[PDB]
Amino acid sequence: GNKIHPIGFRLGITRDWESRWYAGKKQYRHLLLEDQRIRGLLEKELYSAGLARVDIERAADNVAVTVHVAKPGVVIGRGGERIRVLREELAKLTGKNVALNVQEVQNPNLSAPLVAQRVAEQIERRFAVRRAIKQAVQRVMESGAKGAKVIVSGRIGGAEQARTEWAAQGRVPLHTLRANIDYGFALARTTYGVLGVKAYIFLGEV
Amino acid sequence: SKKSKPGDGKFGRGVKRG
Amino acid sequence: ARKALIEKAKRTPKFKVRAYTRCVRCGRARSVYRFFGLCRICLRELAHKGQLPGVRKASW
Amino acid sequence: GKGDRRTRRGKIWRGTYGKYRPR
Amino acid sequence: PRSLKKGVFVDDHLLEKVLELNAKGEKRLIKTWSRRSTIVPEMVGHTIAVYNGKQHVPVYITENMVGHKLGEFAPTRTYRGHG
RNA sequence: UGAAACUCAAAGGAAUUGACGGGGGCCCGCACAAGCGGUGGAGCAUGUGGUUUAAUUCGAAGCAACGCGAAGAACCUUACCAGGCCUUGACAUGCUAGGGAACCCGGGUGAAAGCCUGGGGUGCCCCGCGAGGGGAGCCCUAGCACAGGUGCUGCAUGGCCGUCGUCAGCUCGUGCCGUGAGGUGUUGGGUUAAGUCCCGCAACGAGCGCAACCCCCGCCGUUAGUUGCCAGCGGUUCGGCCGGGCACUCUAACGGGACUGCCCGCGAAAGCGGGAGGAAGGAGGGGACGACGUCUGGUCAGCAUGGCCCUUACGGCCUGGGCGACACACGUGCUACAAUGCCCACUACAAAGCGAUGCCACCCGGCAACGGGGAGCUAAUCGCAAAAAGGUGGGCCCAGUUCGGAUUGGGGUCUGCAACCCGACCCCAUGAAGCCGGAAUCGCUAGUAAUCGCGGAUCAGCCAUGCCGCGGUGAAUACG
Ligand SMILES: [Mg+2]
Ligand SMILES: [Mg+2]
Ligand SMILES: [Mg+2]
Ligand SMILES: [Mg+2]
Ligand SMILES: [Mg+2]
Ligand SMILES: [Mg+2]
Ligand SMILES: [Mg+2]
Ligand SMILES: [Mg+2]
Ligand SMILES: [Mg+2]
Ligand SMILES: [Mg+2]
Ligand SMILES: [Mg+2]
Ligand SMILES: [Mg+2]
Ligand SMILES: [Mg+2]
Ligand SMILES: [Mg+2]
Ligand SMILES: [Mg+2]
Ligand SMILES: [Mg+2]
Ligand SMILES: [Mg+2]
Ligand SMILES: [Mg+2]
Ligand SMILES: [Mg+2]
Ligand SMILES: [Mg+2]
Ligand SMILES: [Mg+2]
Ligand SMILES: [Mg+2]
Ligand SMILES: [Mg+2]
Ligand SMILES: [Mg+2]
Ligand SMILES: [Mg+2]
Ligand SMILES: [Mg+2]
Ligand SMILES: [Mg+2]
Ligand SMILES: [Mg+2]
Ligand SMILES: [Mg+2]
Ligand SMILES: [Mg+2]
Ligand SMILES: [Mg+2]
Ligand SMILES: [Mg+2]
Ligand SMILES: [Mg+2]
Ligand SMILES: [Mg+2]
Ligand SMILES: [Mg+2]
Ligand SMILES: [Mg+2]
Ligand SMILES: [Mg+2]
Ligand SMILES: [Mg+2]
Ligand SMILES: [Mg+2]
Ligand SMILES: [Mg+2]
Ligand SMILES: [Mg+2]
Ligand SMILES: [Mg+2]
Ligand SMILES: [Mg+2]
Ligand SMILES: [Mg+2]
Ligand SMILES: [Mg+2]
Ligand SMILES: [Mg+2]
Ligand SMILES: [Mg+2]
Ligand SMILES: [Mg+2]
Ligand SMILES: [Mg+2]
Ligand SMILES: [Mg+2]
Ligand SMILES: [Mg+2]
Ligand SMILES: [Mg+2]
Ligand SMILES: [Mg+2]
Ligand SMILES: [Zn+2]
């Protein structure tokens with residue numbers, strides 16, 4: 001086991017944090033807890049919408065959560081009435097005025113977190129794990145991506161002897177910092193144990 | 001015949017009690 | 001001995017000296033950083049996601 | 001030597017002060 | 001050792017058990033878990049059953065064992081050698 | 001000449017990819033050599049084996065386990081042991097029933113936990129000049145669904161990490177070769193730190209790697225000028241202190257600068273030797289970055305997670321004990337054995353960090369650890385702070401010593417509910433082994449090794465001599 005997380009490797013160069021705020025030594029952590037707590041709520045509730053990235057912005061006693069969901073209609077609800085039921089339920093733990101934006105997804109087949117979640121879904125749904133890899137990587141490249149790689153690990157097909165299966169198209173320069181590589185992870189639960197789904201999309205260099 | 005290692009002679013179980 | 005010790009560290013104790021940190025993410029008793037309220041592992045996990053304001057893999 | 005608490009040397013080592021190394 | 005600016009330590013619940021006994025014409029056999037308690041001159045001539053983690057070791061108390069904690073007289077490791 | 005009983009599920013031929021060779025060739029790495037300091041002996045610190053124990057919780061196992069998980073075990077931690085206790089439970093949601101509570105002050109007992117307990121007084125929308133009965137944050141007694149499990153399987157798993165190895169390699173698409181595995185390309189000449197690049201070629205391209213983009217350090221510019229700086233004039237209790245000023249130093253963002261660009265020489269080319277300008281030259285020093293894979297490598301005890309298992313107990317609370325045991329054995333370290341040294345006084349020069357139940361100036365008490373007072377600092381301002389080796393001066397005179405500071409007696413300080421097991425520190429006294437370490441054995445190629453001190457994470461305190469950093473001083477040697 002060797003390889004560095006490609007997003008933590010690009011923080012400051014190609015990648016921005018999921019939380020933007022200064023806070024001092026005396027209350028940084030307490031903001032971090034809410035931050036982690038917030039995302040829990042929304043990954044727990046807005047998973048069905050195709051959640052991709054929870055950006056959390058803070059100025060002072062007013063917090064600015066920003067969801068990046070594939071189908072935002074599943075978030076807003078009856079014309080702002082689902083968004084409301086959580087724009088409120090957020091303040092129920094927030095304590096601050098929890099201003100909640102929903103942002104469109106440019107192309108879901110270009111959001112590594114989603115590709116993962118969808119392959120993870122398919123293998124949770126008893127499809128051929130080898131097929132799903134070669135299919136996801138196909139869909140990504142059709143979408144103009146300059147390279148894409150998917151990786152499955154665990155008891156594929158419930159085979160006792162765990163295994164690792166992957167497939168890759170285009171190019172994925174992991175050692176390059178100027179390469180924009182969306183990386184997401186999904187976790188696939190089954191009756192026989194757990195499998196890990198890793199998705200790498202080369203979006204292009206800068 | 002209880003929790004962890006060493007074993008108490010029953011399969012799987014050890015000597016430590018709660 | 002996990003969950004009942006997650007709770008117990010929260011409880012305010014019979015004595016000041018019995019206070020101790022735990023990771024608020026995973027429950028770890030050891031290697032808990034005060035600044036984050038996090039063990040050294042969860043620290044490295046949340047960091048690499050960029051879910052930690054301003055934190056960046058140092059180098060020099 | 002550094003193991004000698006009773007010298008200016010041993011207090012520099014154990015990072016303490018006293019008669020044998022005041023401040 | 002304990003800062004003499006502060007007290008001389010006895011859990012206050014073992015001391016009470018003694019003074020009472022002193023009053024009514026002692027001695028009952030005193031059992032307690034306060035190994036950290038000091039041997040105090042009021043105790044001399046009682047016998048305090050001290051806990052060694054497993055048993056209450058019975059300890060007679062004489063004028064010359066007064067500066068000490070009671071735990072000093074009920075050891076906790078049973079060793080008896082190698083061989 | 002030439003059988004059989006009996007017995008096996010193979011015995012074989014060629015060729016393929018590997019791996020291996022006390023086969024070959026060509027390369028390389030503190031691999032050896034050349035050197036410099038150490039380990040192996042001593043005493044002690046810590047980890048481990050073994051043993052012991054009521055328990056000495058559990059894991060890591062050659063390199064790559066052994067100051068490793070442990071970036072802080074007196075209680076807590078704690079997963080172990082003894083004993084005293086709880087049973088929808090310390091925690092989650094949800095269904096009832098009876099109180100109808102919410103929450104803050106008590107008390108009897110007991111080591112505490114617990115068991116028994118005693119006070120006051122709740123809105124919510126209501127029919128209210130009413131008796132007041134509902135309903136409802138959320139509490140409680142019983143009853144359920146369920147919680148709980150650091151119990152097992154790392155040989156069912158995800159994730160993360162170790163490692164070979166920053167080694168130069170691993171492949172693919174189409175074409176070609178072969179019945180086929182497979183081959184070619186990736187081999188060959190030259191080159192490079194490099195499957196780096198050149199030339200050659202039944203191959204032509206392409207991907208993962210190498211390099212590059214990122215960070216620190218080295219020179220210069222711009223932009224800034226307080227809390228930082230003081231070149232030159234004005235004051236000055238002589239402190240950049242005040243006037244002023246941002247030149248410089250610095251601080252922290254944005255740039256420039258090195259590319260074999262130029263000259264000579266070799267060469268088919270790539271490059272290679274040397275030269276000049278230049279702060280810096282052949283990748284300028286250092287870091288971050290770790291290929292396809294390997295090892296049924298490590299982790300079910302961080303977490304996640306399938307299956308197995310426990311249910312007044314393999315769960316949970318408590319007090320005490322243990323994790324600190326000691327005929328022994330190993331590992332990683334600290335301090336030394338002394339004069340290129342030790343000691344006292346005096347006096348210089350860092351860098352990086354930390355600091356509002358914190359850092360503590362300074363002042364008095366105390367031989368001191370400390371205590372009491374007590375300014376400033378939300379900190380380029382105030383503090384931790386003194387750096388230490390160094391330099392000056394004095395003392396020791398080759399001695400188990402003015403070397404060494406282990407062990408033990410006594411007397412204190414502080415943190416802490418509490419230092420018996422089992423804390424650190426201070427002062428008096430004590431003053432062990434050790435005279436440079438058997439067989440054997442480790443690290444380092446330059447601001448390196450060696451030597452000197454400083455800081456931080458954890459943290460009440462601390463068993464840190466550990467770890468991660470920081471600058472001071474600054475070598476030896478590499479033929480091959
Ligand atoms: Mg089943
Ligand atoms: Mg054992
Ligand atoms: Mg047995
Ligand atoms: Mg238990
Ligand atoms: Mg503690
Ligand atoms: Mg902690
Ligand atoms: Mg053959
Ligand atoms: Mg050598
Ligand atoms: Mg030695
Ligand atoms: Mg030794
Ligand atoms: Mg053992
Ligand atoms: Mg062990
Ligand atoms: Mg285990
Ligand atoms: Mg420690
Ligand atoms: Mg306990
Ligand atoms: Mg304990
Ligand atoms: Mg394994
Ligand atoms: Mg694994
Ligand atoms: Mg194992
Ligand atoms: Mg190879
Ligand atoms: Mg082909
Ligand atoms: Mg053919
Ligand atoms: Mg082929
Ligand atoms: Mg090859
Ligand atoms: Mg090859
Ligand atoms: Mg080949
Ligand atoms: Mg060949
Ligand atoms: Mg290389
Ligand atoms: Mg070729
Ligand atoms: Mg600098
Ligand atoms: Mg200027
Ligand atoms: Mg690289
Ligand atoms: Mg194994
Ligand atoms: Mg687990
Ligand atoms: Mg499991
Ligand atoms: Mg230990
Ligand atoms: Mg030895
Ligand atoms: Mg050590
Ligand atoms: Mg040693
Ligand atoms: Mg300090
Ligand atoms: Mg002597
Ligand atoms: Mg001798
Ligand atoms: Mg002497
Ligand atoms: Mg001396
Ligand atoms: Mg003493
Ligand atoms: Mg102690
Ligand atoms: Mg001598
Ligand atoms: Mg030597
Ligand atoms: Mg080298
Ligand atoms: Mg020295
Ligand atoms: Mg230190
Ligand atoms: Mg500390
Ligand atoms: Mg000790
Ligand atoms: Zn954690």
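Naming convention: chains lettered A, B, ... in sequence-line order (proteins, then strands); numbering from 1 in each chain. Hydrogens, waters and symmetry mates play no part in the numbers below; they use all other heavy atoms, side chains included.
Among the heavy atoms of the strands lying under 4.0 Å from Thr76(E) is at least one base atom, whether or not backbone atoms are also near.
In this pair, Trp33(E) lays its aromatic ring flat on the base of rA111(F), centres within 5.5 Å and planes under 30 degrees apart. Put simply, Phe15(C) rests on the base of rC417(F): the two rings are less than 5.5 Å apart at their centres and nearly parallel, under 30°.
In this structure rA399(F) sits in the syn conformation; its chi angle is within 90° of 0. A syn base is found at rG137(F): its glycosidic angle is within 90° of 0. Annotated as syn: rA79(F), whose glycosidic dihedral is within 90° of 0.
Residue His48(C) is the one, among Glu45(C) and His48(C), whose nearest nucleotide of RNA chain F lies closer to the 5' end (criterion: closest heavy atom).
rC330(F) and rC428(F) have their P atoms separated by 39 Å, with the value rounded to a whole Å. Spacing of P atoms, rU477(F) relative to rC216(F), comes out at 37 Å, to the nearest Å. For the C1' atoms, the distance linking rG411(F) with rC66(F) amounts to 42 Å, nearest Å. When the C1' atom is compared between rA224(F) and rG245(F), the two are found 16 Å apart, to the nearest whole Å.
Here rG302(F) presents its P atom at 15 Å from CZ of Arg44(C), a figure rounded to the nearest Å. The distance from atom CZ of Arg40(C) to atom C1' of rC303(F) is 12 Å, rounded to the nearest whole Å. Atoms NZ (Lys16(B)) and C1' (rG322(F)) sit 12 Å apart, rounded to a whole Å.
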Worksheet item: Please walk me through it: do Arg10(A) and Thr176(A) pass side chain to side chain donor-acceptor pair (under 3.5 Å)?
Response: CA-CA 9 Å; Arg10(A) 289 171 170 73; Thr176(A) 288; over 6 Å; no
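In this structure, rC44(F) forms a base pair with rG333(F), meeting the Watson-Crick or G-U wobble definition at 3.5 Å. If you check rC125(F) against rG134(F), you find a Watson-Crick or G-U wobble pair, both contacts below 3.5 Å. The base of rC403(F) engages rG434(F) as a Watson-Crick or G-U wobble partner, both distances under 3.5 Å. Applying the 3.5 Å cutoff to both bonds, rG225(F) and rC250(F) register as a Watson-Crick or G-U wobble pair. In this structure, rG365(F) forms a base pair with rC370(F), meeting the Watson-Crick or G-U wobble definition at 3.5 Å. The bases of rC26(F) and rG307(F) do not line up as a Watson-Crick or G-U pair with both contact lengths under 3.5 Å. Base-pair annotation: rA45(F) with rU157(F) fails the Watson-Crick or G-U wobble criterion (two N/O distances, each under 3.5 Å). Here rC330(F) does not sit opposite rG94(F) as a base pair, Watson-Crick or G-U wobble, with both distances under 3.5 Å. Residues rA42(F) and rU335(F) show canonical Watson-Crick or G-U wobble pairing, with both defining distances under 3.5 Å. A canonical Watson-Crick pair (purine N1 to pyrimidine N3 plus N6-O4 or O6-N4) or a G-U wobble (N1-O2 and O6-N3), each contact under 3.5 Å, is present between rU413(F) and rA424(F).
Using a 4.0 Å cut-off, some side-chain N or O of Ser153(A) falls inside it from OP1 or OP2 of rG159(F). Side-chain nitrogen and oxygen atoms of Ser4(B) include none within less than 4.0 Å of the OP1 or OP2 phosphate oxygen of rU150(F). Distances shorter than 4.0 Å separate none of the side-chain N or O atoms of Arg8(D) from OP1 or OP2 on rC342(F). Close to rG148(F), at under 4.0 Å from its OP1 or OP2, lies a side-chain N or O of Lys3(C). Applying the 4.0 Å criterion to OP1 and OP2 of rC317(F), one finds that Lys8(C) has a side-chain N or O inside that range. OP1 and OP2 of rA79(F) both lie 4.0 Å or more from every side-chain N or O belonging to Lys5(B). Remark: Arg30(C) is in phosphate contact with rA73(F), judged by side-chain N or O atoms under 4.0 Å from OP1 or OP2. Remark: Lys2(D) is in phosphate contact with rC452(F), judged by side-chain N or O atoms under 4.0 Å from OP1 or OP2. Contact annotation: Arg22(C) side-chain N/O to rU78(F) OP1/OP2 distance is under 4.0 Å. For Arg178(A), no side-chain nitrogen or oxygen approaches OP1 or OP2 of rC214(F) to under 4.0 Å.
Below the 3.5 angstrom threshold, one finds a donor paired with an acceptor across the side chain of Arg35(E) and the base of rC420(F). In the interface, the side chain of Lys19(D) is paired with the base of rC367(F) through a donor and an acceptor atom under 3.5 Å apart. Residue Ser59(C) places a side-chain atom within donor-acceptor reach of the base of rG287(F), judged by atom type and a 3.5 Å distance cut-off alone.
Using a cut-off of 5.5 Å between ring centres and 30° between planes, the six-membered base rings of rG376(F) and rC377(F) qualify as stacked.
Using a 4.0 Å cut-off on heavy atoms, the residues of residues 159-167 of chain A that approach RNA chain F are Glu160(A), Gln161(A), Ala162(A), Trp166(A), listed by number.
Ring orientation note: the planes of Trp33(E) and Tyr51(E) are tilted relative to one another, at an angle of 30° to 60°. Ring geometry for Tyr28(A) against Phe35(C) counts as tilted: the plane angle lies between 30° and 60°, on a 0 to 90° scale.
Between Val69(A) and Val105(A), the shortest heavy-atom distance links the atoms O-CG1, 3.0 Å.
Listed candidates were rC452(F), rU150(F), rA419(F). Nearest to the side chain of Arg2(E) is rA419(F).
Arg171(A) and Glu205(A) are joined by a salt bridge, as a carboxylate oxygen and a charged side-chain nitrogen come within less than 4.0 angstrom of each other.
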